[PDB]
Amino acid sequence: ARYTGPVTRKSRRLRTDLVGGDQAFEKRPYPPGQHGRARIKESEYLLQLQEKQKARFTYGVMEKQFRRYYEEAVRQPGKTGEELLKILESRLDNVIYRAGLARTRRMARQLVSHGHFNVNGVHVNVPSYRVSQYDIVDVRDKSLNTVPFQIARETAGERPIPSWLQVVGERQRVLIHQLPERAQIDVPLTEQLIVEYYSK
Amino acid sequence: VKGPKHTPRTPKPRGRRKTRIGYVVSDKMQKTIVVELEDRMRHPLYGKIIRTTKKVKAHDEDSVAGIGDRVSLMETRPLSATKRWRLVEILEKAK
Amino acid sequence: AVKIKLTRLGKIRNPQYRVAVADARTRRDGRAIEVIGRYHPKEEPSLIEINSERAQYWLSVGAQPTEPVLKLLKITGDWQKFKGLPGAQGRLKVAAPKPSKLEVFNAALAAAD
Amino acid sequence: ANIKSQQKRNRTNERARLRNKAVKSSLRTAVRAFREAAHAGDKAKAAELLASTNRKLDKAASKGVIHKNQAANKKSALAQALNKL
RNA sequence: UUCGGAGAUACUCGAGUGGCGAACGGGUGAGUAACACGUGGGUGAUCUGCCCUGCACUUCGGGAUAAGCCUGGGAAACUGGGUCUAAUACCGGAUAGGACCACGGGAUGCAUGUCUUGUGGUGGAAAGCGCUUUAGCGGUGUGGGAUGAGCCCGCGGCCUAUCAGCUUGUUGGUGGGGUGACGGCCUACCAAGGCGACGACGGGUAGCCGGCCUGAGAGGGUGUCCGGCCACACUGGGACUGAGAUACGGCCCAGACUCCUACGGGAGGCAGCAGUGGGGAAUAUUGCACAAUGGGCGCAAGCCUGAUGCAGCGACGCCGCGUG
RNA sequence: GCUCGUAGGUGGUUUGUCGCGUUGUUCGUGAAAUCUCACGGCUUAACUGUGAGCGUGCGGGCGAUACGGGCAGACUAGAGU
Ligand SMILES: [Mg+2]
Ligand SMILES: [Mg+2]
Ligand SMILES: [Mg+2]
Ligand SMILES: [Mg+2]
Ligand SMILES: [Mg+2]
Ligand SMILES: [Mg+2]
Ligand SMILES: [Mg+2]
Ligand SMILES: [Mg+2]
Ligand SMILES: [Mg+2]
Ligand SMILES: [Mg+2]
Ligand SMILES: [Mg+2]
Ligand SMILES: [Mg+2]
Ligand SMILES: [Mg+2]
Ligand SMILES: [Mg+2]
Ligand SMILES: [Mg+2]
Ligand SMILES: [Mg+2]
Ligand SMILES: [Mg+2]
Ligand SMILES: [Mg+2]
Ligand SMILES: [Mg+2]
Ligand SMILES: [Mg+2]
Ligand SMILES: [Mg+2]
Ligand SMILES: [Mg+2]
Ligand SMILES: [Mg+2]
Ligand SMILES: [Mg+2]
Ligand SMILES: [Mg+2]
Ligand SMILES: [Mg+2]
Ligand SMILES: [Mg+2]
Ligand SMILES: [Mg+2]
Ligand SMILES: [Mg+2]
Ligand SMILES: [Mg+2]
Ligand SMILES: [Mg+2]
Ligand SMILES: [Mg+2]
Ligand SMILES: [Mg+2]
Ligand SMILES: [Mg+2]
């Protein structure tokens, strides 16, 4: 299942703008509802729950799928908040966002889900594909001369492309150099509170 | 017509029995001696070395063993209902 | 008596197999006496490995292979070097060596520059 | 019975029982006759009924009626009764 | 050649004899607190069909029987008698050391001994069939492997002392008997022992394990799918056949319960796969296929296989994706 | 309530020795599956294959003797006369 609801409503509760730029946010940066402007009680469980909610609705990942990401983030060496954002970033719909082939996160999910992309010449239609090192992310030969794909051509300059992937020319195909460590990950969220949420 | 008619056996190394050393508690069983073994072993949970004893019945071809008698044994074929050991030799007898 | 047989241990639509030495009075996935090989009949040629110094021990001592394992020991050549046939070399063939994952990535960087 | 081969085998388990019982009873009335001559202290018939009792045991062991280690255990016992008389 | 009967001579084949299989596979957890299981040993105390390999051999005869045919009894299930015919069925001889007994050598040790050799005295086997004319499959005695299995022992895993004296074939010895094998396993006499507060004897409960769930670990609960082992096949006992038997779809007897009967007597055992009734909070289709893999027989083609491979059904669980 | 004492648990200083406990190392074993790691194959994942760990143990051979213990002695501080 997907959320399929209002997107500003879960950017107002978390007090943090989740999608890239929003005018409905910053007119009302307080949580929604009829009791929207009230003084909230700053608990410790609230700081740990809402920080996990920043990570789910930024990426569009349900709870029984986000929990399995934690079950292998704590089990790999290194840290836990590092490798949690590493395996969340390598989802293929998040690759289409960072490569500048989509406007928001919810259309980068459809363009993978409706089957507009290959990887190694293999037709994928799952958003939760985890790209490894040296993967090419190619677009289908049929899906050129298409309206949402030609709008991603001239608009390849307004958002920064991270250093862990590379976009090339007239073939809009994405080359994955390595899995990103920390620095080229965009930060609306702190990472140690998601690790402390599941410790309860 | 060319083979040797007796293939020799593949040489199997002779497996050994167990040998233990105990005292003698009973002798009045007419060619049967009774040996009290001892054994020390860790407890599975508390880690203390626990001393436990057994009683085994061994075989005498000649009834010469008093009460005392550091003995030495070696386990055998079933010689009776409960006899499984034999007296090999006696060292520093009943003093 | 002693047989050399296959053991089905894959998924539902992926019948993996192991070449295993067992008694005839035993179910398929019972205790093998010794596992000596494997056979994956889903790749484009096949994926066949026989240990070839343990398959010579069991054939010399009396293990009768079953009729689909007999076709495998003729292919790898372990049957012909036991009965003394002139097809003693292995006539098995492996899959086509694909260009590796690093090679395609360096081919794509040079394709743009 | 129910299976077709099981009616076949019931008819052959009884042919084999009447066959083997006649052979085993011939061994018991030939070991016993040796025990008469051995207990009387004869040494005349006991030296030559041993040669005909052991020969009946080996024929009963080749016919599958008794096992070969059973024939060896009965010939060793009758021969050690001869050597002590 | 009647126009719907004759001709085994003849590939093919019902019933029948004979070989092998049927002790595997599949199900269930009632019983068992035990060498049942886990683990590591012992077997100088043993067995092992079919398979592989080394060496010898495959030799003379004999009497019957099922079927067939003719008949008697019975309501049936089934069964008695007379004639008649074979074999790789059966029985009796000749020759063949790993059967036995006595006396010796040579090697080794772990006390009984064990393996290897020699002499004398006693003994044990079998079977043929097929052939487009380098089709081919078998038979028997034995040395040695491989696999499977039996038996014994160390240590390990429940609650209860408001169960404290249990045991007389019980503990040990000798002479016999028995067994594949050691052994009170059995028997006759002789000795008076054996176990126990480190829980004997008794009562309650329970199939055991790899594993599964939880936990920071140590521990605690559990034994369901899958895989190993054990136990049982309507209840209780018992042998038989065979290399191998808790003999699930075998035999005999007794008991309970269904069913047939002409009242004399007979028949049956889903804890195999589906399925019905019942109990219950609650658990499914009287499905397809021998294509794949494993097994049985056959030289083989093949035949057999509710093992198995699959499908049907239930959100019952995990995983993935949609409803923009 | 308090002492006495049976089985049991525990033991001062020191010399020598055996190597049972302990400890080092090596071969046999600890089936496969499950489990953790690393890659590979089903469009991903569950699932599945391969390689390595794991299997806390137990048996056989060869090293060590500080400590515990067994054996054969010595000593006077504890204990008794
Ligand atoms: Mg889900
Ligand atoms: Mg005795
Ligand atoms: Mg038949
Ligand atoms: Mg008579
Ligand atoms: Mg005897
Ligand atoms: Mg026929
Ligand atoms: Mg045959
Ligand atoms: Mg059975
Ligand atoms: Mg005739
Ligand atoms: Mg003769
Ligand atoms: Mg003959
Ligand atoms: Mg008596
Ligand atoms: Mg005796
Ligand atoms: Mg006796
Ligand atoms: Mg029960
Ligand atoms: Mg805790
Ligand atoms: Mg079970
Ligand atoms: Mg069940
Ligand atoms: Mg019933
Ligand atoms: Mg028998
Ligand atoms: Mg049966
Ligand atoms: Mg039945
Ligand atoms: Mg049923
Ligand atoms: Mg009801
Ligand atoms: Mg089939
Ligand atoms: Mg087959
Ligand atoms: Mg479903
Ligand atoms: Mg429901
Ligand atoms: Mg002491
Ligand atoms: Mg001290
Ligand atoms: Mg394992
Ligand atoms: Mg992958
Ligand atoms: Mg796996
Ligand atoms: Mg060791």
Side-chain angles (χ1 to χ4, degrees), chain A residues 1-2 4 64-65 68 75 92 110 113 119 122-130, chain B residues 1 3-10 14-18 26 28-32 40-41 44-45 49 52-53 57 59 61 74-84 86 88, chain C residues 1-3 5-17 23-33 35 38 40 42 58 60-64 66 68, chain D residues 1-3 5-6 9-10 12-14 16-17 19-20 50-51 54-55 57-59 61-62 64 67-73 75-77 79-80 82-83:
Chain A
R2 292 178 63 244
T4 69
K64 289 194 288 293
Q65 189 173 3
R68 292 184 60 85
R75 201 178 68 188
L92 203 151
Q110 278 198 358
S113 178
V119 280
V122 178
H123 178 68
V124 295
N125 56 5
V126 286
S128 65
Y129 187 85
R130 287 182 288 175
Chain B
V1 296
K5 191 260 288 181
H6 272 170
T7 304
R9 289 184 177 91
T10 300
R14 182 79 179 277
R16 66 184 68 187
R17 280 99 153 91
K18 298 292 190 292
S26 179
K28 67 279 286 180
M29 287 178 64
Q30 191 169 359
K31 295 169 95 288
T32 302
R40 62 188 66 249
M41 183 181 67
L45 185 60
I49 298 170
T52 59
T53 62
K57 285 92 170 65
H59 179 73
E61 68 272 13
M74 185 182 287
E75 57 100 15
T76 57
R77 64 181 175 89
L79 293 174
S80 76
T82 57
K83 285 170 71 174
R84 300 294 185 270
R86 66 177 173 89
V88 175
Chain C
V2 178
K3 303 294 288 295
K5 62 177 74 174
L6 296 173
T7 300
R8 168 72 169 269
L9 47 87
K11 287 174 71 175
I12 178 168
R13 273 75 176 266
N14 294 113
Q16 312 291 322
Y17 290 97
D23 195 0
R25 301 291 181 87
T26 302
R27 55 184 293 168
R28 280 199 283 103
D29 49 356
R31 290 180 68 92
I33 302 164
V35 173
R38 57 177 177 170
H40 297 176
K42 294 296 292 293
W58 289 102
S60 68
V61 82
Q64 293 299 110
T66 65
Chain D
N2 294 317
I3 306 300
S5 294
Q6 190 61 253
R9 183 74 67 180
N10 290 326
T12 64
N13 292 322
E14 291 292 326
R17 187 182 65 84
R19 183 181 299 117
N20 295 320
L50 183 69
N54 296 329
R55 190 255 194 184
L57 286 169
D58 288 330
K59 290 178 73 68
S62 67
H67 197 269
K68 291 184 180 180
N69 291 317
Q70 182 177 0
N73 279 316
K75 294 189 290 184
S76 176
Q80 287 184 355
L82 185 68
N83 288 319

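Below, chains carry the letters A, B, ... as their sequence lines are ordered, and counting in each starts from 1. The figures here come from the full heavy-atom set of this structure, side chains too, leaving out hydrogens, waters and symmetry mates.
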For the adjacent pair [N]/[M], please state whether the pyrimidine-type six-membered rings satisfy a centroid distance under 5.5 angstrom and an interplanar angle under 30 degrees.
N: E:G128; M: E:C129; value: yes
N: E:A218; M: E:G219; value: yes
N: E:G193; M: E:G194; value: yes
N: F:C42; M: F:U43; value: no
N: E:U39; M: E:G40; value: yes

Looking only at atom types and distance, does a side-chain atom of [X] sit under 3.5 Å from a main-chain N or O of [Y], one as donor and one as acceptor?
X: C:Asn14; Y: C:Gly10; value: no
X: C:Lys42; Y: C:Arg13; value: yes
X: C:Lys5; Y: C:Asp23; value: yes

> How would nucleotides 287-298 of chain E be written as a contact map, 5' to 3', with B for base contact, S for sugar-phosphate-only contact and - for no contact, using protein heavy atoms under 4.0 Å?
Replying inline: -----SBSSS--

> Quick one: what's the B/S/- string for nucleotides 210-216 of chain E, heavy-atom cutoff under 4.0 Å, read 5' to 3'?
Replying inline: -------

Taking OP1 and OP2 of [N], is either one under 4.0 Å from a side-chain nitrogen or oxygen of [X]?
X: D:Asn2; N: E:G268; value: no
X: C:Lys11; N: F:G49; value: no
X: D:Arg55; N: E:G124; value: yes
X: D:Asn20; N: E:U241; value: yes
X: D:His67; N: E:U48; value: yes
X: B:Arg17; N: E:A45; value: yes
X: B:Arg40; N: F:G21; value: no
X: B:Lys28; N: E:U171; value: no
X: D:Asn69; N: E:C47; value: yes

Nucleotide nearest [X] when distance is taken to its side chain, options [options]:
X: D:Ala77; options: E:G250, E:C152, E:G177; result: E:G177
X: B:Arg16; options: F:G60, E:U171, F:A45; result: F:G60
X: A:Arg2; options: E:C321, E:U323, E:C182; result: E:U323
X: C:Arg31; options: E:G228, E:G194, E:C319; result: E:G228

> Which part of the nucleic acid does C:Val2 contact within heavy-atom distance under 4.0 Å: base, sugar-phosphate only, or nothing?
Replying inline: sugar-phosphate

>> Categorize B:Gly3 for me: base, sugar-phosphate, or nothing, with a 4.0 angstrom heavy-atom threshold over every strand shown.
In response: sugar-phosphate

> Are any of the side-chain heavy atoms of C:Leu9 and C:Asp29 separated by less than 4.5 Å?
Replying inline: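 When only atoms from C-beta onward are counted, C:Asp29 and C:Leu9 do not touch, as no gap falls below 4.5 Å.
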
>> If you define the side chain from C-beta out and look only at heavy atoms, does anything of C:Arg38 sit under 4.5 Å from C:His40?
In response: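 C:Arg38 vs C:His40: side chains touch.
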
> Does the ring of F:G53 sit north or south, if a positive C1'-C2'-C3'-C4' angle means north and a negative one means south?
Replying inline: north

>> Should E:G143 be tagged north or south? The rule is the sign of the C1'-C2'-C3'-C4' torsion.
In response: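 Because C1'-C2'-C3'-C4' is positive here, the pucker of E:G143 counts as north.
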
> For E:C110, what is the paired nucleotide under Watson-Crick or G-U wobble rules, both distances under 3.5 Å?
Replying inline: none

>> Checking base pairs now: Watson-Crick or wobble, both atom distances under 3.5 Å. What partners E:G156?
In response: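 Checking every strand shown, E:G156 finds its partner in E:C37, with both distances under 3.5 Å.
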
> Would E:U119 and E:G54 count as a Watson-Crick or G-U wobble pair, both distances under 3.5 angstrom?
Replying inline: no

Protein-nucleotide distance ([X], atom [atom1]; [N], atom [atom2]), rounded to Å:
X: D:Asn13; N: E:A247; atom1: CG; atom2: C1'; value: 11 Å
X: D:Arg9; N: E:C252; atom1: CZ; atom2: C1'; value: 19 Å
X: B:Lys5; N: E:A96; atom1: NZ; atom2: P; value: 15 Å

> Can you find a side-chain donor-acceptor pair between B:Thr32 and B:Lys83 that sits under 3.5 Å?
Replying inline: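 Note: B:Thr32 and B:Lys83 side chains meet the donor-acceptor criterion.
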
> Where does E:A126 land, syn or anti, given syn is within 90° of 0?
Replying inline: syn

> Taking the chi torsion of E:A289, is it syn (within 90° of 0) or anti (everything else)?
Replying inline: anti

